[PDB]
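Reviewing the structure listed below.
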Amino acid sequence: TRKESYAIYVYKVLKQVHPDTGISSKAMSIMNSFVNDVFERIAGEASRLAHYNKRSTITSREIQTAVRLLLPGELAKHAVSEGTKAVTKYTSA
Amino acid sequence: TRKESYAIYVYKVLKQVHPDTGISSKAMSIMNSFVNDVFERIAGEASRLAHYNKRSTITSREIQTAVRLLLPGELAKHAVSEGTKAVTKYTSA
Amino acid sequence: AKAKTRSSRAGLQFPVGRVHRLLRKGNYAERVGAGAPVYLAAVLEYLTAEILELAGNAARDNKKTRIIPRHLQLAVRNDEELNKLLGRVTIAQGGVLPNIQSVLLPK
Amino acid sequence: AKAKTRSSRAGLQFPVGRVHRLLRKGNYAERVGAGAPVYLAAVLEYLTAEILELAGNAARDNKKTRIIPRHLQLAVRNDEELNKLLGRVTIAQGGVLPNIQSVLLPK
Amino acid sequence: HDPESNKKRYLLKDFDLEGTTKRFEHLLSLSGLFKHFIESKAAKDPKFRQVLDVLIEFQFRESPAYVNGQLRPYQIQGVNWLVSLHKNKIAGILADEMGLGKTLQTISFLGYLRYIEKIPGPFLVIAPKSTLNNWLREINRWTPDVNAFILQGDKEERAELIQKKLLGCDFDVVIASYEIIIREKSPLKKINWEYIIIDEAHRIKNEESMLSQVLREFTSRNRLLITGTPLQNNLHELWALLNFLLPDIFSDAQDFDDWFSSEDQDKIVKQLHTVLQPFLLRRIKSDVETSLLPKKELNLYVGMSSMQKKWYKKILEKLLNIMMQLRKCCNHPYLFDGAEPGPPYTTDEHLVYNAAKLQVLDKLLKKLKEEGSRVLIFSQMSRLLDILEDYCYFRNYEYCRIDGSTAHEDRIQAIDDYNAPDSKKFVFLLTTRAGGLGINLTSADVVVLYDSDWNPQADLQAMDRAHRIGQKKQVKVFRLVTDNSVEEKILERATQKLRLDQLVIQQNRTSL
Amino acid sequence: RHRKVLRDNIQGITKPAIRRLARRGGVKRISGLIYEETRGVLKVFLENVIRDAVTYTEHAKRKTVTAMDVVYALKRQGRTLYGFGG
Amino acid sequence: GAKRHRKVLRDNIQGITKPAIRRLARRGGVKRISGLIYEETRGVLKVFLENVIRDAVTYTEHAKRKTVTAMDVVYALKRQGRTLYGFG
Amino acid sequence: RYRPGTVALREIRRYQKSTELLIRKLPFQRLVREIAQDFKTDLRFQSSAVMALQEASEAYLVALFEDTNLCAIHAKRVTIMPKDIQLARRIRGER
Amino acid sequence: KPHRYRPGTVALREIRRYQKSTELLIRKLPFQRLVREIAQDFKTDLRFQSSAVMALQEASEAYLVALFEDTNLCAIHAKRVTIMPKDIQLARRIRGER
DNA sequence: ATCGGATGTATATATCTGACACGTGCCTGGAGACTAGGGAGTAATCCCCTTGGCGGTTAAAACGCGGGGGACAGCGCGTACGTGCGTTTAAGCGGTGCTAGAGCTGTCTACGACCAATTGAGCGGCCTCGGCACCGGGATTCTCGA
DNA sequence: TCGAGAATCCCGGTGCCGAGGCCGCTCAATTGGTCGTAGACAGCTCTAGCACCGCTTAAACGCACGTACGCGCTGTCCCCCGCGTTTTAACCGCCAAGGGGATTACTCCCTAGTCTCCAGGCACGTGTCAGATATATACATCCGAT
Ligand SMILES: [Cl-]
């Protein structure tokens, strides 16, 4: 048994970007699938980068390159900004 | 800087299907790329396929299903038969 | 000995422990950096917020509260960057962006 | 005892040992069987033999003795399944199939 | 005379021990140290080590009767040297000073070869394309009873010409340009050449140059090299020249380089001149000087400008991918984009003070215009030459410019009008290594040399455009350099190269 | 199963259904031979997808086709589907 | 003289000459060509090259190098889904 | 009585504003589970599996017609003909 | 009079010539220069390999040939033989690239 | 050019049902030591790249002209589509019933990971001589203007 | 509609350089053994899938009627092709010197993995009530003849 999901986290983000709306179950399923999809796509690209460069580990730099290589333009720069923000905040704690 | 390549095995295969026929070097590099491409596609499919069933090994069953998924029809059934034949001979020896 | 989750330590809402576990047990590389989960969690949270805001705006436009696959579809398609990202993705029970070719209209 | 390679044991021409090493180190799974490299090498060898046979046929129809990228291109494009398998692939320094639309022919 | 005898003489129907041994004994006639190279080669090549332990005063006093044009005294002995070279089973170099008379000298030698040794061809003469027509002219002039052709034109043109004359065997000498030789290497590869003559042998310095390789594959007995200046940069250039001359004797670069290696130097030189003495002659322009007053040289160690200095420092610290910019910086900042602010683009005086060398150049041209001289600026950037063009326009002086990309018709009309009887052309811009050596700018007398080169020889040829025969008052070099700059490094390297050339060759013509 | 295996089930994709799909696609006027083409292309697409789904479900040593199997087949053929797990 | 700038250079996309577009179109098998095709072709080629070079640069930048490699271009093309055989 | 074109445009606007499935359910279920007997006899199907198949196929067909329409218009027509679909699939890379 | 081929017979000759050889149709230096100019928009101080540009030219020429084939198909569908920018636009639009 | 119909689009009101808050078990994520090996750093070292310019050959590309056929428009006509209206059908839905077969749980054993030794396969370096590219010239084939 | 007439296919002679053997060495397959843990198999159980059945009503089918639209035809310009000068720029060969950019050896430290415990974060299962459907009536609005 024992099936996991991202529904709790998607709901937590939603009720801070639009703290009045809800979300249907089908929509929550769609958003969960979307998150898993993007996670798979970025992780695959990062692993392939590691394989190309003979490195044996996935690191924040490889995640950053994979993001710049998957997302289009404006999304790329915004996402990179927030990724670096979170990383520095975390490591200074 | 030792660099491996499927050159000699391609040449061995060539010298038995058309025993008197050469292959220049660019054809050989193309064939090396083709072998690598097909190996990557089958191995990636097998990785995914084992992961979906929670398995941890890659077995000849995963490989057989991968080739059945990726190859078209008559080109798939011949490859399946060849692979099964090789496995049976090796396991009997 | 206070149990401070990395997810809170980084300031995110998405889980960083779960992302790290998926990276380790997902057959991506032998070793996984320390900040890699934090970065990837940040990116996922960003993308989720970006899509979810447009979906909520569309839901308000249709004067409804709860967002639905139709609203997600509208957000993705009306936006251009998300539409380029999800170029080959179909969204179940979504719809089609309303569009009628000009020639077909009456004179 | 006396060494006896796995390729010889299988009767193959492709390196089962190297296939096994690549399969282990390629980040595909935690463990690999013993029959996996044998099966995969056999399949790769079959595909190589098919394409090389067609290419040699073409090179002899051309009345030359060596396979070149032109013959590789021309043999792949002229076989239904072999070309289906390689739709999104471009052969470097290959060519195109001789093809002219009939409507463009003189009356 | 007999075309069919020549035909059986030319085509090749199929370890020259005897002549080779004759040349080793001829060499060991002089001090045995000259057999160092031979013994090294023998120790490395087994096929000649067994050879070593096997152990006509044709002064030709008078000018050749068969040729007209009574000869000037100093080159009869050159003729004699060539003849002796021939009857010694060895090759040689002739390296006169570009004007002492070399075409005539070689043609006299060829005439002697034909009319006293009874051998009407075959001979090959390879020249730069500029001077091809000349060769035909003097061969038709001095010894008119001979046949040749320029061997040039379109593809089918050379094809028909070779099938008519060359393999038709209707020639005594054939003259062709370097690129022709590299292109028509097939038919000329089987002619069993008597001689191969190269004028301006600079082209063969790098052995790996494709022309050099194609030259080694030709079939001939003896080779003759005609040049102006050997050893532009290093001894390895003479190494390659001597490889081509005598491949058997000279076959180890490492021996040459190590055993010379630049008092240990005095110990080297006392060997050095002896080794090469029976291979190449160098005249002096002062032999029959009778003219060109020596060149008056000068240097104007200019400083730098404010923008010049800021740009120089800006490049010292860190789109720009070389140290060459540093020479660019000292040359004129407007070469970069990022000076001459605007853009409104004025021709005004905001130039002369803006760069350093411009100020002094302006002063000099003032002092020279106000007395009646003409200038031959020789910068080494065509693009920079355009800035000098604009500046000259501002002061409204009269151009005549030959860049690297001026078509030959424009070249000839420009040199004509500038060198026409007195006209209004104060300045003559030009890029250093351009035009070849046939330019006859004898009108002017100022050769200001805005930029300097990595080798002095290019400069010397540049000054030779006005120090050649003709101009008979004086010549004024005015090289410029910015102190505390990489051009000091370039200048010192060039000067020490010139010193090395002095030591190696310019003691030979003291004896010669 | 013992379901009395049936043929000519493609005509169940009827003319009004094809017309409605065309209208959603934005098509005003439709010719009369387009329905057979539509049935042919639908049959081909279904055959590909169902073949891959059956391959997956049979490798897993199962006997029931699951939404995950269909989703994997679609993702394999390049038609990633959101909403049915993933 | 105001000529130390020396050209505008038709900068670079008009270096794909109309005979070259004509040759590519013949190899594609077309008989007559309109006069405006030689500008659409340039636009679409520029788009394709930009998309490929962006990813090749990103790869060679992640590898901490400063030179772009045939392998990087192959990876970029495969990433776009245009596998190219013959360059390793 | 409306004129040819009016009710077609009304239907276009209706169906681009809805979200439901346009093909019936039982007919598609029958078609799926009798295509599937060419690959293995006696299969069972999750209801979610049949629904996923239907949604995917309807999406595919709608996106197909959406390009058939451009092919028809580019040829200066407003009627979609089988040649238009053949061209659409040919260009799209299927055939 | 000097004889003249009717309009339409040199074009077929060139089709069946170029559709049978294998060389590169675009020149070398113009394409390499274009590649430099496009690339220096993303990262300044960058260099390429000759093999890198060669691969990039292979891919791009293949892309354009395959684009012109579908352009021709669209033009024939329009009951013409001349290919017009409308055809490029339709081919790129259908194929999902825009 | 306006009425008359037909189809939206609001606005009210009633009924559901499925988001959503809340508690409950537990399992996983966190905390804290130890360690080893990956990767960062240093330094050879060497080989291809950069900048600016020169010289020459030689096809391609550019450009201008006539003129031919194709694109575009307009006209006509005759089907094949769309729109309505009865009539029949079968999908949708609620409900019952049964059972095959997903999905978990336990044991255990065969089989893959890991290691040390050992030895041939394979890779790089190197030499050579046939395959194929190219060049006349001769004959043959398709275009085309009578 | 047949004899130009040019383009192509096809023969030999080069020549030259790359494929293809051959050898040394080195390092990764192979052998033999240790051993721990996935997976294989059985059994259980209980969920969901298949199988019908009756009833309603909305969608499908069939047939009619009449336009408007697809296609064929006729002109007619006009713009693209074929061809003959003419310029230009790719493409080799060169010079000159760097240096900097990639690429192996070599050391070492610090950051991952690996462990052992253990408590809160998160998922499951529950009980609501309010945001969605789902009728109804009435007003607005295109669309189509007049
Ligand atoms: Cl002279």
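The chains in the structure tokens are called A, B, ... from first to last as shown; in each chain the residues are counted from 1, and the ligands are counted from 1 in the order shown.
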Neighbourhood of ligand 1 at 7 Å, counting only C-alpha atoms (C1' of nucleotides) and all ligand atoms, reported as JSON, numbers by chain: {"E": [98, 99, 100, 101, 102, 103]}
Next, write the just-selected residues to a file, as an mmCIF file, in the first residue's frame, keeping C-alpha atoms as the atom set.
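Result saved to again.cif:
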data_model
loop_
_atom_site.group_PDB
_atom_site.id
_atom_site.type_symbol
_atom_site.label_atom_id
_atom_site.label_comp_id
_atom_site.auth_asym_id
_atom_site.auth_seq_id
_atom_site.Cartn_x
_atom_site.Cartn_y
_atom_site.Cartn_z
ATOM 1 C CA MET E 98 68.471 42.678 -55.786
ATOM 2 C CA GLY E 99 69.814 44.711 -58.658
ATOM 3 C CA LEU E 100 73.413 43.701 -59.215
ATOM 4 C CA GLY E 101 72.131 41.726 -62.201
ATOM 5 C CA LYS E 102 71.026 38.139 -61.761
ATOM 6 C CA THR E 103 68.743 37.261 -64.655
#
Exercise answer, chain I residues close to chain H, 10 Å and only C-alpha atoms, as a ChimeraX atom specification: /I:67,69-71,73-80,86-87,90-96
Selected residues written out, N, CA, C and O atoms, as an mmCIF file, in the first residue's frame:
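That gives us again-v7.cif:
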data_model
loop_
_atom_site.group_PDB
_atom_site.id
_atom_site.type_symbol
_atom_site.label_atom_id
_atom_site.label_comp_id
_atom_site.auth_asym_id
_atom_site.auth_seq_id
_atom_site.Cartn_x
_atom_site.Cartn_y
_atom_site.Cartn_z
ATOM 1 N N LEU I 67 12.808 20.724 -45.029
ATOM 2 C CA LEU I 67 11.782 21.754 -45.037
ATOM 3 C C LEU I 67 11.308 22.044 -46.448
ATOM 4 O O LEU I 67 10.113 22.250 -46.681
ATOM 5 N N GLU I 69 11.270 19.997 -48.973
ATOM 6 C CA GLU I 69 10.429 18.915 -49.479
ATOM 7 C C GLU I 69 8.967 19.124 -49.097
ATOM 8 O O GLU I 69 8.070 19.045 -49.946
ATOM 9 N N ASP I 70 8.700 19.421 -47.831
ATOM 10 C CA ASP I 70 7.321 19.635 -47.418
ATOM 11 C C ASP I 70 6.752 20.930 -47.975
ATOM 12 O O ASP I 70 5.548 21.018 -48.233
ATOM 13 N N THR I 71 7.596 21.940 -48.166
ATOM 14 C CA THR I 71 7.177 23.127 -48.894
ATOM 15 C C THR I 71 6.642 22.767 -50.267
ATOM 16 O O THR I 71 5.579 23.244 -50.679
ATOM 17 N N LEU I 73 5.476 19.877 -51.221
ATOM 18 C CA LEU I 73 4.221 19.144 -51.080
ATOM 19 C C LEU I 73 3.048 20.089 -50.875
ATOM 20 O O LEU I 73 1.979 19.903 -51.465
ATOM 21 N N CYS I 74 3.224 21.113 -50.040
ATOM 22 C CA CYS I 74 2.151 22.080 -49.839
ATOM 23 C C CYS I 74 1.830 22.814 -51.126
ATOM 24 O O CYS I 74 0.660 23.023 -51.456
ATOM 25 N N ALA I 75 2.860 23.223 -51.863
ATOM 26 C CA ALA I 75 2.626 23.966 -53.094
ATOM 27 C C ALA I 75 1.883 23.123 -54.112
ATOM 28 O O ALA I 75 0.991 23.618 -54.803
ATOM 29 N N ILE I 76 2.236 21.845 -54.225
ATOM 30 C CA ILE I 76 1.502 20.966 -55.128
ATOM 31 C C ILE I 76 0.066 20.806 -54.662
ATOM 32 O O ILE I 76 -0.863 20.760 -55.473
ATOM 33 N N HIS I 77 -0.143 20.718 -53.348
ATOM 34 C CA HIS I 77 -1.504 20.653 -52.836
ATOM 35 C C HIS I 77 -2.295 21.878 -53.254
ATOM 36 O O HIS I 77 -3.473 21.774 -53.605
ATOM 37 N N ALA I 78 -1.664 23.035 -53.253
ATOM 38 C CA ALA I 78 -2.348 24.253 -53.681
ATOM 39 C C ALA I 78 -2.574 24.308 -55.146
ATOM 40 O O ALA I 78 -2.999 25.365 -55.607
ATOM 41 N N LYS I 79 -2.302 23.236 -55.884
ATOM 42 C CA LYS I 79 -2.449 23.204 -57.334
ATOM 43 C C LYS I 79 -1.551 24.245 -57.999
ATOM 44 O O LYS I 79 -1.991 25.068 -58.796
ATOM 45 N N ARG I 80 -0.271 24.189 -57.653
ATOM 46 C CA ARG I 80 0.732 25.057 -58.242
ATOM 47 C C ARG I 80 2.005 24.251 -58.429
ATOM 48 O O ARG I 80 2.036 23.045 -58.190
ATOM 49 N N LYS I 86 4.153 31.576 -48.326
ATOM 50 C CA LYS I 86 3.006 30.944 -47.700
ATOM 51 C C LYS I 86 3.268 29.471 -47.453
ATOM 52 O O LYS I 86 2.834 28.916 -46.441
ATOM 53 N N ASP I 87 3.979 28.821 -48.371
ATOM 54 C CA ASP I 87 4.258 27.398 -48.223
ATOM 55 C C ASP I 87 5.222 27.132 -47.080
ATOM 56 O O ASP I 87 5.019 26.196 -46.299
ATOM 57 N N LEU I 90 3.146 27.580 -43.881
ATOM 58 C CA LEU I 90 2.264 26.458 -43.593
ATOM 59 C C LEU I 90 3.047 25.242 -43.142
ATOM 60 O O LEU I 90 2.656 24.563 -42.191
ATOM 61 N N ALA I 91 4.151 24.938 -43.817
ATOM 62 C CA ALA I 91 4.913 23.752 -43.455
ATOM 63 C C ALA I 91 5.464 23.869 -42.046
ATOM 64 O O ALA I 91 5.411 22.909 -41.276
ATOM 65 N N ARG I 92 5.988 25.036 -41.681
ATOM 66 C CA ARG I 92 6.508 25.186 -40.331
ATOM 67 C C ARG I 92 5.396 25.208 -39.297
ATOM 68 O O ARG I 92 5.596 24.764 -38.164
ATOM 69 N N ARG I 93 4.226 25.727 -39.655
ATOM 70 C CA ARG I 93 3.122 25.780 -38.708
ATOM 71 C C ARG I 93 2.567 24.393 -38.430
ATOM 72 O O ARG I 93 2.370 24.014 -37.272
ATOM 73 N N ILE I 94 2.307 23.621 -39.483
ATOM 74 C CA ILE I 94 1.755 22.281 -39.311
ATOM 75 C C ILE I 94 2.711 21.420 -38.512
ATOM 76 O O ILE I 94 2.316 20.718 -37.577
ATOM 77 N N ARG I 95 3.983 21.466 -38.863
ATOM 78 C CA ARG I 95 4.942 20.553 -38.281
ATOM 79 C C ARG I 95 5.221 20.853 -36.819
ATOM 80 O O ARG I 95 6.030 20.161 -36.201
ATOM 81 N N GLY I 96 4.558 21.849 -36.242
ATOM 82 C CA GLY I 96 4.671 22.126 -34.831
ATOM 83 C C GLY I 96 5.836 22.994 -34.429
ATOM 84 O O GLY I 96 6.029 23.222 -33.231
#
Chain F residues near chain K (10 Å cut-off, only C-alpha atoms (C1' of nucleotides)) as a VMD selection string: chain F and resid 1 3 14 to 16 64
Keeping only N, CA and C atoms, write those residues as a PDB file, in the first residue's frame.
ATOM      1  N   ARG F   1     -12.034 -12.655 -23.313  1.00  0.00           N
ATOM      2  CA  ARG F   1     -12.904 -13.599 -22.620  1.00  0.00           C
ATOM      3  C   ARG F   1     -13.819 -14.333 -23.600  1.00  0.00           C
ATOM      4  N   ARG F   3     -16.518 -13.413 -24.816  1.00  0.00           N
ATOM      5  CA  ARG F   3     -17.356 -12.247 -25.052  1.00  0.00           C
ATOM      6  C   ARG F   3     -17.895 -12.200 -26.476  1.00  0.00           C
ATOM      7  N   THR F  14     -19.149   7.175 -35.143  1.00  0.00           N
ATOM      8  CA  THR F  14     -20.140   7.457 -36.159  1.00  0.00           C
ATOM      9  C   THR F  14     -19.920   8.816 -36.815  1.00  0.00           C
ATOM     10  N   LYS F  15     -20.748   9.089 -37.819  1.00  0.00           N
ATOM     11  CA  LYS F  15     -20.636  10.340 -38.562  1.00  0.00           C
ATOM     12  C   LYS F  15     -20.841  11.565 -37.687  1.00  0.00           C
ATOM     13  N   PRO F  16     -21.876  11.655 -36.852  1.00  0.00           N
ATOM     14  CA  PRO F  16     -21.972  12.814 -35.963  1.00  0.00           C
ATOM     15  C   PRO F  16     -20.813  12.945 -35.006  1.00  0.00           C
ATOM     16  N   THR F  64      -4.530  -7.541 -16.409  1.00  0.00           N
ATOM     17  CA  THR F  64      -5.420  -6.399 -16.512  1.00  0.00           C
ATOM     18  C   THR F  64      -4.619  -5.180 -16.938  1.00  0.00           C
TER      19      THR F  64
END
Near-residue 7 of chain K list (12 Å; only C-alpha atoms (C1' of nucleotides); drop same-chain fewer than 2 positions) as a PyMOL selection string: (chain I and resi 5+9-10+13) or (chain J and resi 140-143) or (chain K and resi 5+9)
Spatial neighbours of residue 13 of chain H, max dist 10 Å, only C-alpha atoms (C1' of nucleotides), sep filter under 5 positions, as a list in words: residues 98, 99 and 100 of chain C; 23, 24 and 26 of chain F; 7, 8 and 18 of chain H
Kindly export the residues of the current selection with N, CA and C atoms, as an mmCIF file, in the first residue's frame.
data_model
loop_
_atom_site.group_PDB
_atom_site.id
_atom_site.type_symbol
_atom_site.label_atom_id
_atom_site.label_comp_id
_atom_site.auth_asym_id
_atom_site.auth_seq_id
_atom_site.Cartn_x
_atom_site.Cartn_y
_atom_site.Cartn_z
ATOM 1 N N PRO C 98 -10.420 28.728 -27.667
ATOM 2 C CA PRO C 98 -11.342 29.178 -28.715
ATOM 3 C C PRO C 98 -10.622 29.954 -29.805
ATOM 4 N N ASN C 99 -10.800 29.507 -31.044
ATOM 5 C CA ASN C 99 -10.111 30.102 -32.183
ATOM 6 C C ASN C 99 -10.818 29.674 -33.452
ATOM 7 N N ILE C 100 -11.285 30.639 -34.235
ATOM 8 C CA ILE C 100 -11.962 30.380 -35.498
ATOM 9 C C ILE C 100 -11.215 31.110 -36.600
ATOM 10 N N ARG F 23 -15.873 20.012 -35.541
ATOM 11 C CA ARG F 23 -16.304 21.319 -35.068
ATOM 12 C C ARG F 23 -15.408 21.812 -33.952
ATOM 13 N N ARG F 24 -15.079 20.950 -32.998
ATOM 14 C CA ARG F 24 -14.137 21.383 -31.977
ATOM 15 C C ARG F 24 -12.802 21.748 -32.594
ATOM 16 N N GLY F 26 -12.496 23.247 -35.331
ATOM 17 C CA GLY F 26 -12.695 24.506 -36.004
ATOM 18 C C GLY F 26 -13.025 24.397 -37.466
ATOM 19 N N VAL H 7 -25.466 27.438 -38.649
ATOM 20 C CA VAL H 7 -25.528 26.468 -37.572
ATOM 21 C C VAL H 7 -24.175 25.817 -37.370
ATOM 22 N N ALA H 8 -23.382 25.687 -38.428
ATOM 23 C CA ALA H 8 -22.032 25.178 -38.259
ATOM 24 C C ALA H 8 -21.179 26.096 -37.406
ATOM 25 N N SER H 18 -16.895 23.883 -24.547
ATOM 26 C CA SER H 18 -17.165 22.795 -23.626
ATOM 27 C C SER H 18 -15.887 22.014 -23.354
#
When you look at residue 78 of chain B with a cut-off of 12 Å (counting only C-alpha atoms (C1' of nucleotides)), what residues show up, excluding the ones that are within fewer than 2 positions of it in the same chain? I need them as an mmCIF file with C-alpha atoms, in the first residue's frame.
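For reference, selection33.cif as written:
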data_model
loop_
_atom_site.group_PDB
_atom_site.id
_atom_site.type_symbol
_atom_site.label_atom_id
_atom_site.label_comp_id
_atom_site.auth_asym_id
_atom_site.auth_seq_id
_atom_site.Cartn_x
_atom_site.Cartn_y
_atom_site.Cartn_z
ATOM 1 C CA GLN B 64 13.416 -8.628 -24.258
ATOM 2 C CA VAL B 67 13.496 -4.661 -27.759
ATOM 3 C CA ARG B 68 9.893 -5.667 -28.325
ATOM 4 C CA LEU B 71 11.628 -2.256 -32.695
ATOM 5 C CA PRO B 72 9.082 -2.385 -35.534
ATOM 6 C CA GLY B 73 7.340 -5.701 -36.130
ATOM 7 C CA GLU B 74 9.285 -8.092 -38.310
ATOM 8 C CA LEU B 75 12.527 -6.388 -37.342
ATOM 9 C CA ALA B 76 11.617 -7.010 -33.697
ATOM 10 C CA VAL B 80 13.973 -11.458 -30.130
ATOM 11 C CA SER B 81 14.694 -14.896 -31.557
ATOM 12 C CA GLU B 82 18.403 -14.151 -31.977
ATOM 13 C CA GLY B 83 18.724 -12.941 -28.405
ATOM 14 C CA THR B 84 16.883 -15.892 -26.916
ATOM 15 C CA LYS B 85 19.061 -18.244 -28.941
ATOM 16 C CA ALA D 42 22.918 -10.619 -29.613
ATOM 17 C CA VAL D 43 20.309 -8.002 -30.470
ATOM 18 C CA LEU D 44 22.897 -5.374 -31.361
ATOM 19 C CA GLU D 45 24.716 -7.893 -33.534
ATOM 20 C CA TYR D 46 21.539 -8.780 -35.384
ATOM 21 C CA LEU D 47 20.767 -5.150 -36.120
ATOM 22 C CA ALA D 49 24.198 -7.517 -39.612
ATOM 23 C CA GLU D 50 20.896 -6.413 -41.137
#
Chain H: residues DSSP assigns to strand (DSSP E), reported as a list in words: residues 44, 45, 79 and 80 of chain H
Between chain C and chain J, at 8 Å or less, what are the per-residue closest atom pairs and their distances in Å? Count only C-alpha atoms (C1' of nucleotides), order by chain and rising residue number, and return it as a Markdown table.
| residue | atom | partner | partner_atom | distance |
| --- | --- | --- | --- | --- |
| C:1 | CA | J:31 | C1' | 6.9 |
| C:3 | CA | J:30 | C1' | 6.1 |
| C:4 | CA | J:30 | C1' | 7.7 |
| C:5 | CA | J:30 | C1' | 7.2 |
| C:17 | CA | J:29 | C1' | 6.5 |
Residues of chain J within 12 Å of chain I, counting only C-alpha atoms (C1' of nucleotides), as a PyMOL selection string: chain J and resi 48-50+60-61+66-72+142-145
Contacts of residue 38 of chain G within 7 Å, only C-alpha atoms (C1' of nucleotides), excl. fewer than 4 positions in-chain, as number ranges by chain: G: 18, 21, 42
Residue among K:3, K:18, K:144, K:43 lying closest to chain H, counting only C-alpha atoms (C1' of nucleotides):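 The answer is K:144, which sits nearest to chain H.
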Residue neighbourhood segment 55-67 of chain C, 12 Å, only C-alpha atoms (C1' of nucleotides), exclusion window fewer than 5 positions, as a PyMOL selection string: (chain A and resi 11+14-28+30-31) or (chain C and resi 48-50+72-79+82+94) or (chain H and resi 17) or (chain J and resi 18-19) or (chain K and resi 130-132)
Contact residues (chain A, partner chain D, 12 Å, only C-alpha atoms) as a list in words: residues 44, 47, 48, 50, 51, 52, 54, 56 and 57 of chain A
Mind dumping the selected residues with N, CA and C atoms as an mmCIF file, in the first residue's frame?
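Result written to out04.cif:
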data_model
loop_
_atom_site.group_PDB
_atom_site.id
_atom_site.type_symbol
_atom_site.label_atom_id
_atom_site.label_comp_id
_atom_site.auth_asym_id
_atom_site.auth_seq_id
_atom_site.Cartn_x
_atom_site.Cartn_y
_atom_site.Cartn_z
ATOM 1 N N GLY A 44 16.659 13.846 -15.176
ATOM 2 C CA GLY A 44 17.273 13.139 -16.284
ATOM 3 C C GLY A 44 18.330 13.969 -16.978
ATOM 4 N N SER A 47 21.445 14.117 -14.724
ATOM 5 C CA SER A 47 22.217 12.883 -14.752
ATOM 6 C C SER A 47 22.997 12.763 -16.046
ATOM 7 N N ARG A 48 22.382 13.129 -17.167
ATOM 8 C CA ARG A 48 23.097 13.048 -18.431
ATOM 9 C C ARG A 48 24.261 14.021 -18.469
ATOM 10 N N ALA A 50 26.044 14.875 -15.821
ATOM 11 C CA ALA A 50 27.073 14.211 -15.031
ATOM 12 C C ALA A 50 27.777 13.144 -15.844
ATOM 13 N N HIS A 51 27.010 12.343 -16.575
ATOM 14 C CA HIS A 51 27.598 11.289 -17.384
ATOM 15 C C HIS A 51 28.512 11.861 -18.455
ATOM 16 N N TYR A 52 28.114 12.971 -19.070
ATOM 17 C CA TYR A 52 28.952 13.583 -20.091
ATOM 18 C C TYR A 52 30.257 14.091 -19.504
ATOM 19 N N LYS A 54 31.962 13.136 -16.852
ATOM 20 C CA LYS A 54 32.691 12.152 -16.059
ATOM 21 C C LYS A 54 32.572 12.383 -14.562
ATOM 22 N N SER A 56 30.761 12.054 -10.951
ATOM 23 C CA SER A 56 30.015 10.968 -10.348
ATOM 24 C C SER A 56 28.912 11.440 -9.421
ATOM 25 N N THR A 57 28.610 12.734 -9.389
ATOM 26 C CA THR A 57 27.598 13.229 -8.476
ATOM 27 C C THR A 57 26.764 14.314 -9.127
#
Which of chain A fall in alpha helix (DSSP H), as a VMD selection string: chain A and resid 7 to 17 25 to 52 60 to 70 74 to 91
Interface residues on chain H facing chain F, 6 Å, only C-alpha atoms, written as a VMD selection string: chain H and resid 8 12 15 to 16 23 27 31 42 to 46 48 to 49 62 65 to 66 79 to 82
